[PDB]
file protein-v8.csv (CSV, N, CA, C and O atoms)
chain,number,residue,atom,x,y,z
V,1,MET,N,-9.7,12.9,12.9
V,1,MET,CA,-8.8,11.9,12.3
V,1,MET,C,-8.5,10.8,13.3
V,1,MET,O,-8.8,11.0,14.5
V,2,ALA,N,-7.8,9.8,12.9
V,2,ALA,CA,-7.4,8.7,13.7
V,2,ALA,C,-6.0,8.8,14.1
V,2,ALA,O,-5.3,9.8,13.7
V,3,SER,N,-5.4,7.8,14.8
V,3,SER,CA,-4.1,7.8,15.2
V,3,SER,C,-3.2,7.0,14.2
V,3,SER,O,-3.7,6.2,13.5
V,4,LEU,N,-1.9,7.3,14.3
V,4,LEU,CA,-1.0,6.6,13.4
V,4,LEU,C,-0.8,5.1,13.9
V,4,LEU,O,-0.6,4.2,13.2
V,5,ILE,N,-0.8,5.0,15.3
V,5,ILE,CA,-0.6,3.8,15.9
V,5,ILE,C,-1.5,2.7,15.3
V,5,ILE,O,-1.3,1.5,15.3
V,6,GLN,N,-2.7,3.2,14.9
V,6,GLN,CA,-3.7,2.4,14.3
V,6,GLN,C,-3.2,1.7,13.0
V,6,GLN,O,-3.2,0.5,12.9
V,7,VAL,N,-2.7,2.6,12.1
V,7,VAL,CA,-2.1,2.1,10.9
V,7,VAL,C,-0.9,1.2,11.1
V,7,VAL,O,-0.7,0.2,10.5
V,8,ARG,N,-0.1,1.7,12.1
V,8,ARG,CA,1.1,1.0,12.5
V,8,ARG,C,0.7,-0.4,13.1
V,8,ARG,O,1.3,-1.4,12.8
V,9,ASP,N,-0.2,-0.3,14.0
V,9,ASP,CA,-0.6,-1.6,14.7
V,9,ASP,C,-1.2,-2.5,13.7
V,9,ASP,O,-0.8,-3.7,13.7
V,10,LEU,N,-2.2,-2.0,12.9
V,10,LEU,CA,-2.8,-2.8,11.9
V,10,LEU,C,-1.8,-3.4,11.0
V,10,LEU,O,-1.8,-4.5,10.6
V,11,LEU,N,-0.8,-2.5,10.6
V,11,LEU,CA,0.2,-2.9,9.7
V,11,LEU,C,1.0,-4.1,10.3
V,11,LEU,O,1.5,-4.9,9.6
V,12,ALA,N,1.1,-4.1,11.6
V,12,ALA,CA,1.8,-5.2,12.3
V,12,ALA,C,0.8,-6.4,12.5
V,12,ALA,O,1.1,-7.5,12.2
V,13,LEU,N,-0.4,-6.1,13.1
V,13,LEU,CA,-1.4,-7.1,13.3
V,13,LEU,C,-1.7,-7.8,12.0
V,13,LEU,O,-1.6,-9.0,11.8
V,14,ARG,N,-2.2,-7.0,11.1
V,14,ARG,CA,-2.6,-7.5,9.8
V,14,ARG,C,-1.4,-7.6,8.8
V,14,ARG,O,-1.5,-7.9,7.7
V,15,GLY,N,-0.2,-7.3,9.4
V,15,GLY,CA,1.0,-7.4,8.7
V,15,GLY,C,1.0,-6.4,7.4
V,15,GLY,O,0.4,-5.3,7.5
V,16,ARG,N,1.6,-6.9,6.4
V,16,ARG,CA,1.6,-6.2,5.1
V,16,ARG,C,0.2,-6.1,4.5
V,16,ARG,O,-0.5,-7.1,4.3
V,17,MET,N,-0.2,-4.9,4.2
V,17,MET,CA,-1.5,-4.7,3.6
V,17,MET,C,-1.7,-3.3,3.1
V,17,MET,O,-1.0,-2.3,3.6
V,18,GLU,N,-2.5,-3.1,2.1
V,18,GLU,CA,-2.8,-1.8,1.4
V,18,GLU,C,-3.4,-0.9,2.4
V,18,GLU,O,-4.0,-1.3,3.4
V,19,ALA,N,-3.3,0.4,2.1
V,19,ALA,CA,-3.9,1.4,3.0
V,19,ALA,C,-5.4,1.3,2.9
V,19,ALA,O,-6.1,1.5,4.0
V,20,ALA,N,-5.9,1.1,1.7
V,20,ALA,CA,-7.4,1.0,1.5
V,20,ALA,C,-8.0,0.1,2.6
V,20,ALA,O,-9.1,0.4,3.1
V,21,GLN,N,-7.2,-0.9,3.1
V,21,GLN,CA,-7.7,-1.8,4.1
V,21,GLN,C,-7.6,-1.1,5.5
V,21,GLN,O,-8.5,-1.0,6.2
V,22,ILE,N,-6.4,-0.5,5.7
V,22,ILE,CA,-6.1,0.2,7.0
V,22,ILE,C,-7.2,1.3,7.1
V,22,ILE,O,-7.8,1.4,8.2
V,23,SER,N,-7.3,2.1,6.1
V,23,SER,CA,-8.2,3.2,6.1
V,23,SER,C,-9.6,2.7,6.5
V,23,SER,O,-10.3,3.4,7.2
V,24,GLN,N,-10.0,1.6,5.9
V,24,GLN,CA,-11.3,1.0,6.2
V,24,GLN,C,-11.4,0.6,7.7
V,24,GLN,O,-12.4,0.9,8.3
V,25,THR,N,-10.4,0.0,8.2
V,25,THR,CA,-10.3,-0.3,9.6
V,25,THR,C,-10.8,0.8,10.5
V,25,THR,O,-11.6,0.6,11.4
V,26,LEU,N,-10.2,2.0,10.2
V,26,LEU,CA,-10.6,3.2,10.9
V,26,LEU,C,-11.6,4.0,10.1
V,26,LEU,O,-11.7,5.2,10.4
V,27,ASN,N,-12.3,3.3,9.2
V,27,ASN,CA,-13.3,4.0,8.4
V,27,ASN,C,-12.8,5.4,8.0
V,27,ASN,O,-13.5,6.3,7.8
V,28,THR,N,-11.4,5.5,7.9
V,28,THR,CA,-10.8,6.7,7.5
V,28,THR,C,-10.8,6.9,6.0
V,28,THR,O,-11.0,5.9,5.3
V,29,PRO,N,-10.6,8.2,5.5
V,29,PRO,CA,-10.6,8.5,4.1
V,29,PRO,C,-9.3,8.0,3.5
V,29,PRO,O,-8.2,8.1,4.0
V,30,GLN,N,-9.5,7.4,2.3
V,30,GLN,CA,-8.3,6.9,1.6
V,30,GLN,C,-7.2,7.9,1.5
V,30,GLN,O,-6.1,7.6,1.9
V,31,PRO,N,-7.5,9.1,1.1
V,31,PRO,CA,-6.6,10.2,1.1
V,31,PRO,C,-6.2,10.7,2.5
V,31,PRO,O,-6.3,11.9,2.7
V,32,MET,N,-5.9,9.8,3.3
V,32,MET,CA,-5.5,10.2,4.7
V,32,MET,C,-4.4,9.3,5.2
V,32,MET,O,-3.4,9.8,5.8
V,33,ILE,N,-4.5,8.0,5.0
V,33,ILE,CA,-3.5,7.1,5.4
V,33,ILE,C,-2.3,7.2,4.5
V,33,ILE,O,-1.1,7.1,4.9
V,34,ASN,N,-2.6,7.3,3.2
V,34,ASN,CA,-1.5,7.4,2.2
V,34,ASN,C,-0.6,8.6,2.6
V,34,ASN,O,0.7,8.4,2.5
V,35,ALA,N,-1.1,9.7,3.0
V,35,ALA,CA,-0.3,10.8,3.5
V,35,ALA,C,0.6,10.4,4.6
V,35,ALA,O,1.8,10.7,4.5
V,36,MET,N,0.1,9.7,5.5
V,36,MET,CA,0.9,9.2,6.7
V,36,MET,C,1.9,8.2,6.2
V,36,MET,O,3.1,8.3,6.6
V,37,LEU,N,1.5,7.3,5.4
V,37,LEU,CA,2.4,6.3,4.9
V,37,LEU,C,3.6,7.0,4.2
V,37,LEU,O,4.8,6.5,4.4
V,38,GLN,N,3.3,8.1,3.5
V,38,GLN,CA,4.4,8.8,2.8
V,38,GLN,C,5.4,9.4,3.9
V,38,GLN,O,6.6,9.3,3.7
V,39,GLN,N,4.8,9.9,4.9
V,39,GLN,CA,5.6,10.5,6.0
V,39,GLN,C,6.5,9.5,6.6
V,39,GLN,O,7.8,9.6,6.7
V,40,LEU,N,5.9,8.4,7.0
V,40,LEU,CA,6.6,7.3,7.6
V,40,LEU,C,7.7,6.8,6.7
V,40,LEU,O,8.9,6.6,7.1
V,41,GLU,N,7.3,6.6,5.4
V,41,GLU,CA,8.3,6.2,4.4
V,41,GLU,C,9.5,7.1,4.3
V,41,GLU,O,10.6,6.7,4.3
V,42,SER,N,9.2,8.4,4.3
V,42,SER,CA,10.3,9.4,4.2
V,42,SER,C,11.2,9.2,5.4
V,42,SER,O,12.5,9.2,5.2
V,43,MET,N,10.7,9.1,6.6
V,43,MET,CA,11.4,8.9,7.8
V,43,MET,C,12.2,7.6,7.7
V,43,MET,O,13.5,7.6,7.9
V,44,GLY,N,11.5,6.5,7.4
V,44,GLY,CA,12.2,5.2,7.3
V,44,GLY,C,11.7,4.2,8.4
V,44,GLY,O,12.4,3.5,9.0
V,45,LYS,N,10.3,4.2,8.5
V,45,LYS,CA,9.7,3.4,9.5
V,45,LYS,C,9.1,2.1,8.8
V,45,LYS,O,9.5,1.0,9.1
V,46,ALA,N,8.2,2.4,7.9
V,46,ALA,CA,7.5,1.3,7.2
V,46,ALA,C,8.3,1.1,5.9
V,46,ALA,O,9.2,1.9,5.5
V,47,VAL,N,7.8,0.1,5.2
V,47,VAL,CA,8.4,-0.3,3.9
V,47,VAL,C,7.3,-0.5,2.8
V,47,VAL,O,6.2,-0.8,3.2
V,48,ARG,N,7.7,-0.3,1.6
V,48,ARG,CA,6.8,-0.5,0.5
V,48,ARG,C,6.7,-2.0,0.1
V,48,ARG,O,7.8,-2.6,0.0
V,49,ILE,N,5.5,-2.4,-0.2
V,49,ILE,CA,5.3,-3.8,-0.6
V,49,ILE,C,4.7,-3.8,-2.0
V,49,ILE,O,4.0,-2.9,-2.4
V,50,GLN,N,5.1,-4.9,-2.7
V,50,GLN,CA,4.6,-5.0,-4.1
V,50,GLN,C,3.7,-6.3,-4.2
V,50,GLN,O,3.9,-7.3,-3.5
V,51,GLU,N,2.7,-6.2,-5.1
V,51,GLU,CA,1.8,-7.3,-5.3
V,51,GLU,C,2.1,-8.0,-6.6
V,51,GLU,O,2.9,-7.6,-7.4
V,52,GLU,N,1.5,-9.2,-6.8
V,52,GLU,CA,1.8,-10.0,-7.9
V,52,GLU,C,1.8,-9.2,-9.2
V,52,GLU,O,1.1,-8.1,-9.3
V,53,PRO,N,2.7,-9.6,-10.2
V,53,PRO,CA,2.8,-8.9,-11.4
V,53,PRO,C,1.6,-9.1,-12.3
V,53,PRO,O,0.6,-9.5,-11.9
V,54,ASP,N,1.8,-8.8,-13.6
V,54,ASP,CA,0.8,-8.9,-14.6
V,54,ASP,C,1.3,-9.8,-15.7
V,54,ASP,O,2.5,-10.0,-15.9
V,55,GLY,N,0.3,-10.3,-16.5
V,55,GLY,CA,0.7,-11.1,-17.7
V,55,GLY,C,-0.4,-11.0,-18.7
V,55,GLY,O,-1.5,-10.4,-18.5
V,56,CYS,N,-0.1,-11.7,-19.9
V,56,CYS,CA,-1.1,-11.7,-21.0
V,56,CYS,C,-0.6,-12.7,-22.0
V,56,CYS,O,0.6,-13.1,-22.0
V,57,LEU,N,-1.5,-13.1,-22.9
V,57,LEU,CA,-1.2,-14.1,-23.9
V,57,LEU,C,-1.1,-13.4,-25.3
V,57,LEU,O,-1.6,-12.3,-25.4
V,58,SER,N,-0.4,-14.0,-26.2
V,58,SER,CA,-0.2,-13.4,-27.5
V,58,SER,C,0.6,-14.4,-28.4
V,58,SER,O,1.7,-14.9,-28.0
V,59,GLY,N,0.1,-14.6,-29.6
V,59,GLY,CA,0.7,-15.5,-30.5
V,59,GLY,C,2.0,-14.9,-31.1
V,59,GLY,O,2.9,-14.7,-30.3
V,60,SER,N,2.0,-14.7,-32.4
V,60,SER,CA,3.1,-14.1,-33.0
V,60,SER,C,2.9,-12.6,-33.3
V,60,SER,O,2.4,-12.2,-34.3
V,61,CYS,N,3.4,-11.8,-32.3
V,61,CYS,CA,3.2,-10.4,-32.4
V,61,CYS,C,3.8,-9.8,-31.1
V,61,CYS,O,3.9,-10.4,-30.1
V,62,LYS,N,4.2,-8.5,-31.2
V,62,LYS,CA,4.8,-7.8,-30.1
V,62,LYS,C,4.0,-6.5,-29.9
V,62,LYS,O,3.8,-5.7,-30.9
V,63,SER,N,3.7,-6.2,-28.6
V,63,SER,CA,3.0,-4.9,-28.3
V,63,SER,C,2.9,-4.8,-26.8
V,63,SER,O,2.4,-5.6,-26.1
V,64,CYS,N,3.5,-3.7,-26.3
V,64,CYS,CA,3.5,-3.4,-24.9
V,64,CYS,C,2.7,-2.1,-24.6
V,64,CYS,O,2.4,-1.4,-25.6
V,65,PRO,N,2.3,-1.9,-23.3
V,65,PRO,CA,1.5,-0.7,-23.0
V,65,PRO,C,2.4,0.5,-22.9
V,65,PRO,O,3.5,0.5,-23.5
V,66,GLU,N,1.9,1.5,-22.3
V,66,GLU,CA,2.7,2.8,-22.2
V,66,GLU,C,2.9,3.1,-20.7
V,66,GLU,O,2.5,4.1,-20.2
V,67,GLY,N,3.6,2.2,-20.0
V,67,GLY,CA,4.0,2.4,-18.6
V,67,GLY,C,2.8,2.0,-17.7
V,67,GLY,O,2.8,1.0,-17.0
V,68,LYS,N,1.8,2.8,-17.8
V,68,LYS,CA,0.6,2.6,-17.0
V,68,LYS,C,1.0,2.6,-15.5
V,68,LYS,O,2.1,2.5,-15.2
V,69,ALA,N,-0.1,2.7,-14.7
V,69,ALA,CA,0.1,2.7,-13.2
V,69,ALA,C,0.9,1.4,-12.8
V,69,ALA,O,1.0,0.5,-13.6
V,70,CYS,N,1.4,1.5,-11.6
V,70,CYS,CA,2.2,0.3,-11.1
V,70,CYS,C,1.2,-0.6,-10.3
V,70,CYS,O,0.1,-0.1,-9.9
V,71,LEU,N,1.7,-1.8,-10.0
V,71,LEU,CA,0.9,-2.7,-9.3
V,71,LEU,C,0.4,-2.1,-8.0
V,71,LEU,O,1.0,-1.1,-7.5
V,72,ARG,N,-0.6,-2.7,-7.4
V,72,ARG,CA,-1.1,-2.2,-6.1
V,72,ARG,C,-0.1,-2.4,-5.0
V,72,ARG,O,-0.1,-3.4,-4.3
V,73,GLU,N,0.8,-1.4,-4.9
V,73,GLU,CA,1.8,-1.4,-3.9
V,73,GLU,C,1.2,-1.4,-2.5
V,73,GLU,O,0.3,-0.6,-2.2
V,74,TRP,N,1.7,-2.4,-1.7
V,74,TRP,CA,1.2,-2.5,-0.3
V,74,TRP,C,2.2,-1.8,0.6
V,74,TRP,O,3.2,-1.4,0.2
V,75,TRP,N,1.8,-1.7,1.9
V,75,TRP,CA,2.6,-1.1,2.9
V,75,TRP,C,2.8,-2.0,4.1
V,75,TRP,O,1.9,-2.9,4.3
V,76,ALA,N,3.9,-1.9,4.7
V,76,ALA,CA,4.2,-2.8,5.9
V,76,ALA,C,5.2,-2.1,6.8
V,76,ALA,O,5.6,-1.0,6.5
V,77,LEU,N,5.5,-2.8,7.9
V,77,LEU,CA,6.5,-2.2,8.8
V,77,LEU,C,7.9,-2.7,8.5
V,77,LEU,O,8.0,-3.7,7.8
V,78,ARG,N,8.8,-2.0,9.1
V,78,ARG,CA,10.2,-2.4,8.8
V,78,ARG,C,10.7,-3.4,9.9
V,78,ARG,O,10.5,-4.6,9.8
call {"tool": "encode", "arguments": {"input": "protein-v8.csv", "output": "structure tokens"}}
result
Amino acid sequence: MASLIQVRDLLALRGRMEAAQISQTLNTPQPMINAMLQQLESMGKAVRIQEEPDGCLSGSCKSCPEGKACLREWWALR
């Protein structure tokens, strides 16, 4: 495995960015940085970031989804 300083440094260097990116930086497995991010989050080191919302068009009618996953939440430092 890699070091946390990597994700932390990258998080600082590359600022706010998804883990997918960080993981790539260290060619690490997706299901690796997320775990760390969770730990840091619990502690209160990094912060959660949100990406642009979603939208759609529609004439005269109403219909929403069923919750569905949330936007691609990004991660950053505090």
call {"tool": "closest_residue", "arguments": {"input": "protein-v8.csv", "among": "V:1, V:11, V:67, V:45", "to": "residue V:30", "atoms": "only C-alpha atoms"}}
result
V:1
call {"tool": "atom_distance", "arguments": {"input": "protein-v8.csv", "atom1": "atom N of residue V:37", "atom2": "atom C of residue V:54"}}
result
27.2 Å
call {"tool": "atom_distance", "arguments": {"input": "protein-v8.csv", "atom1": "atom CA of residue V:70", "atom2": "atom CA of residue V:47"}}
result
16.2 Å
call {"tool": "closest_residue", "arguments": {"input": "protein-v8.csv", "among": "V:26, V:9, V:17, V:71", "to": "residue V:52", "atoms": "only C-alpha atoms"}}
result
V:71
call {"tool": "closest_residue", "arguments": {"input": "protein-v8.csv", "among": "V:24, V:34, V:76, V:61", "to": "residue V:49", "atoms": "only N, CA, C and O atoms"}}
result
V:76
call {"tool": "residues_near_point", "arguments": {"input": "protein-v8.csv", "point": "(-7.0, 4.5, -2.3)", "cutoff": "7 Å", "atoms": "all atoms listed in the file", "output": "short mmCIF file (atom, residue, chain, number, x, y, z; two decimals) with N, CA, C and O atoms, in the coordinates of the input"}}
result
data_model
loop_
_atom_site.label_atom_id
_atom_site.label_comp_id
_atom_site.auth_asym_id
_atom_site.auth_seq_id
_atom_site.Cartn_x
_atom_site.Cartn_y
_atom_site.Cartn_z
N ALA V 19 -3.30 0.40 2.10
CA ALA V 19 -3.90 1.40 3.00
C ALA V 19 -5.40 1.30 2.90
O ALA V 19 -6.10 1.50 4.00
N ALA V 20 -5.90 1.10 1.70
CA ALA V 20 -7.40 1.00 1.50
C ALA V 20 -8.00 0.10 2.60
O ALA V 20 -9.10 0.40 3.10
N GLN V 30 -9.50 7.40 2.30
CA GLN V 30 -8.30 6.90 1.60
C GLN V 30 -7.20 7.90 1.50
O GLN V 30 -6.10 7.60 1.90
N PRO V 31 -7.50 9.10 1.10
CA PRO V 31 -6.60 10.20 1.10
C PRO V 31 -6.20 10.70 2.50
O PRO V 31 -6.30 11.90 2.70
#
call {"tool": "atom_distance", "arguments": {"input": "protein-v8.csv", "atom1": "atom C of residue V:78", "atom2": "atom O of residue V:27"}}
result
26.2 Å
call {"tool": "residues_around", "arguments": {"input": "protein-v8.csv", "residues": "residue V:8", "least_positions_apart": "5", "cutoff": "9 Å", "atoms": "only C-alpha atoms", "output": "PyMOL selection string"}}
result
chain V and resi 3+13+46+76-77
call {"tool": "write_last_selection", "arguments": {"input": "protein-v8.csv", "atoms": "N, CA, C and O atoms", "output": "mmCIF file, in the coordinates of the input"}}
result
data_model
loop_
_atom_site.group_PDB
_atom_site.id
_atom_site.type_symbol
_atom_site.label_atom_id
_atom_site.label_comp_id
_atom_site.auth_asym_id
_atom_site.auth_seq_id
_atom_site.Cartn_x
_atom_site.Cartn_y
_atom_site.Cartn_z
ATOM 1 N N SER V 3 -5.400 7.800 14.800
ATOM 2 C CA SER V 3 -4.100 7.800 15.200
ATOM 3 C C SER V 3 -3.200 7.000 14.200
ATOM 4 O O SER V 3 -3.700 6.200 13.500
ATOM 5 N N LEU V 13 -0.400 -6.100 13.100
ATOM 6 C CA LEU V 13 -1.400 -7.100 13.300
ATOM 7 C C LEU V 13 -1.700 -7.800 12.000
ATOM 8 O O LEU V 13 -1.600 -9.000 11.800
ATOM 9 N N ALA V 46 8.200 2.400 7.900
ATOM 10 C CA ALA V 46 7.500 1.300 7.200
ATOM 11 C C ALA V 46 8.300 1.100 5.900
ATOM 12 O O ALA V 46 9.200 1.900 5.500
ATOM 13 N N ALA V 76 3.900 -1.900 4.700
ATOM 14 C CA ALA V 76 4.200 -2.800 5.900
ATOM 15 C C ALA V 76 5.200 -2.100 6.800
ATOM 16 O O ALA V 76 5.600 -1.000 6.500
ATOM 17 N N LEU V 77 5.500 -2.800 7.900
ATOM 18 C CA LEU V 77 6.500 -2.200 8.800
ATOM 19 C C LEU V 77 7.900 -2.700 8.500
ATOM 20 O O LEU V 77 8.000 -3.700 7.800
#
call {"tool": "select_by_dssp", "arguments": {"input": "protein-v8.csv", "residues": "chain V", "states": "helix (DSSP H, G or I)", "output": "PyMOL selection string"}}
result
chain V and resi 4-13+19-25+30-43
call {"tool": "write_last_selection", "arguments": {"input": "protein-v8.csv", "atoms": "N, CA, C and O atoms", "output": "short mmCIF file (atom, residue, chain, number, x, y, z; two decimals), in the frame of the given file"}}
result
data_model
loop_
_atom_site.label_atom_id
_atom_site.label_comp_id
_atom_site.auth_asym_id
_atom_site.auth_seq_id
_atom_site.Cartn_x
_atom_site.Cartn_y
_atom_site.Cartn_z
N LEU V 4 -1.90 7.30 14.30
CA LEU V 4 -1.00 6.60 13.40
C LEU V 4 -0.80 5.10 13.90
O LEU V 4 -0.60 4.20 13.20
N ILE V 5 -0.80 5.00 15.30
CA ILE V 5 -0.60 3.80 15.90
C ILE V 5 -1.50 2.70 15.30
O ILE V 5 -1.30 1.50 15.30
N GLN V 6 -2.70 3.20 14.90
CA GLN V 6 -3.70 2.40 14.30
C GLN V 6 -3.20 1.70 13.00
O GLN V 6 -3.20 0.50 12.90
N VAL V 7 -2.70 2.60 12.10
CA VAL V 7 -2.10 2.10 10.90
C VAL V 7 -0.90 1.20 11.10
O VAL V 7 -0.70 0.20 10.50
N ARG V 8 -0.10 1.70 12.10
CA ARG V 8 1.10 1.00 12.50
C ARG V 8 0.70 -0.40 13.10
O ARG V 8 1.30 -1.40 12.80
N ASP V 9 -0.20 -0.30 14.00
CA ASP V 9 -0.60 -1.60 14.70
C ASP V 9 -1.20 -2.50 13.70
O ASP V 9 -0.80 -3.70 13.70
N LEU V 10 -2.20 -2.00 12.90
CA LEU V 10 -2.80 -2.80 11.90
C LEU V 10 -1.80 -3.40 11.00
O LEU V 10 -1.80 -4.50 10.60
N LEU V 11 -0.80 -2.50 10.60
CA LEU V 11 0.20 -2.90 9.70
C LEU V 11 1.00 -4.10 10.30
O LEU V 11 1.50 -4.90 9.60
N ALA V 12 1.10 -4.10 11.60
CA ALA V 12 1.80 -5.20 12.30
C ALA V 12 0.80 -6.40 12.50
O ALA V 12 1.10 -7.50 12.20
N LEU V 13 -0.40 -6.10 13.10
CA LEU V 13 -1.40 -7.10 13.30
C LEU V 13 -1.70 -7.80 12.00
O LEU V 13 -1.60 -9.00 11.80
N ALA V 19 -3.30 0.40 2.10
CA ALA V 19 -3.90 1.40 3.00
C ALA V 19 -5.40 1.30 2.90
O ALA V 19 -6.10 1.50 4.00
N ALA V 20 -5.90 1.10 1.70
CA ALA V 20 -7.40 1.00 1.50
C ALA V 20 -8.00 0.10 2.60
O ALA V 20 -9.10 0.40 3.10
N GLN V 21 -7.20 -0.90 3.10
CA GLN V 21 -7.70 -1.80 4.10
C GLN V 21 -7.60 -1.10 5.50
O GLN V 21 -8.50 -1.00 6.20
N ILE V 22 -6.40 -0.50 5.70
CA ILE V 22 -6.10 0.20 7.00
C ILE V 22 -7.20 1.30 7.10
O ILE V 22 -7.80 1.40 8.20
N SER V 23 -7.30 2.10 6.10
CA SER V 23 -8.20 3.20 6.10
C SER V 23 -9.60 2.70 6.50
O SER V 23 -10.30 3.40 7.20
N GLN V 24 -10.00 1.60 5.90
CA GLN V 24 -11.30 1.00 6.20
C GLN V 24 -11.40 0.60 7.70
O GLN V 24 -12.40 0.90 8.30
N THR V 25 -10.40 0.00 8.20
CA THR V 25 -10.30 -0.30 9.60
C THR V 25 -10.80 0.80 10.50
O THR V 25 -11.60 0.60 11.40
N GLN V 30 -9.50 7.40 2.30
CA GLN V 30 -8.30 6.90 1.60
C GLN V 30 -7.20 7.90 1.50
O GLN V 30 -6.10 7.60 1.90
N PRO V 31 -7.50 9.10 1.10
CA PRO V 31 -6.60 10.20 1.10
C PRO V 31 -6.20 10.70 2.50
O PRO V 31 -6.30 11.90 2.70
N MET V 32 -5.90 9.80 3.30
CA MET V 32 -5.50 10.20 4.70
C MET V 32 -4.40 9.30 5.20
O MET V 32 -3.40 9.80 5.80
N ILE V 33 -4.50 8.00 5.00
CA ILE V 33 -3.50 7.10 5.40
C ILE V 33 -2.30 7.20 4.50
O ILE V 33 -1.10 7.10 4.90
N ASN V 34 -2.60 7.30 3.20
CA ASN V 34 -1.50 7.40 2.20
C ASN V 34 -0.60 8.60 2.60
O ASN V 34 0.70 8.40 2.50
N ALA V 35 -1.10 9.70 3.00
CA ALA V 35 -0.30 10.80 3.50
C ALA V 35 0.60 10.40 4.60
O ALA V 35 1.80 10.70 4.50
N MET V 36 0.10 9.70 5.50
CA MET V 36 0.90 9.20 6.70
C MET V 36 1.90 8.20 6.20
O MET V 36 3.10 8.30 6.60
N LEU V 37 1.50 7.30 5.40
CA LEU V 37 2.40 6.30 4.90
C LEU V 37 3.60 7.00 4.20
O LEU V 37 4.80 6.50 4.40
N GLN V 38 3.30 8.10 3.50
CA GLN V 38 4.40 8.80 2.80
C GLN V 38 5.40 9.40 3.90
O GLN V 38 6.60 9.30 3.70
N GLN V 39 4.80 9.90 4.90
CA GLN V 39 5.60 10.50 6.00
C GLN V 39 6.50 9.50 6.60
O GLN V 39 7.80 9.60 6.70
N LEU V 40 5.90 8.40 7.00
CA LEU V 40 6.60 7.30 7.60
C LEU V 40 7.70 6.80 6.70
O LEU V 40 8.90 6.60 7.10
N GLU V 41 7.30 6.60 5.40
CA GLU V 41 8.30 6.20 4.40
C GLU V 41 9.50 7.10 4.30
O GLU V 41 10.60 6.70 4.30
N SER V 42 9.20 8.40 4.30
CA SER V 42 10.30 9.40 4.20
C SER V 42 11.20 9.20 5.40
O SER V 42 12.50 9.20 5.20
N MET V 43 10.70 9.10 6.60
CA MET V 43 11.40 8.90 7.80
C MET V 43 12.20 7.60 7.70
O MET V 43 13.50 7.60 7.90
#
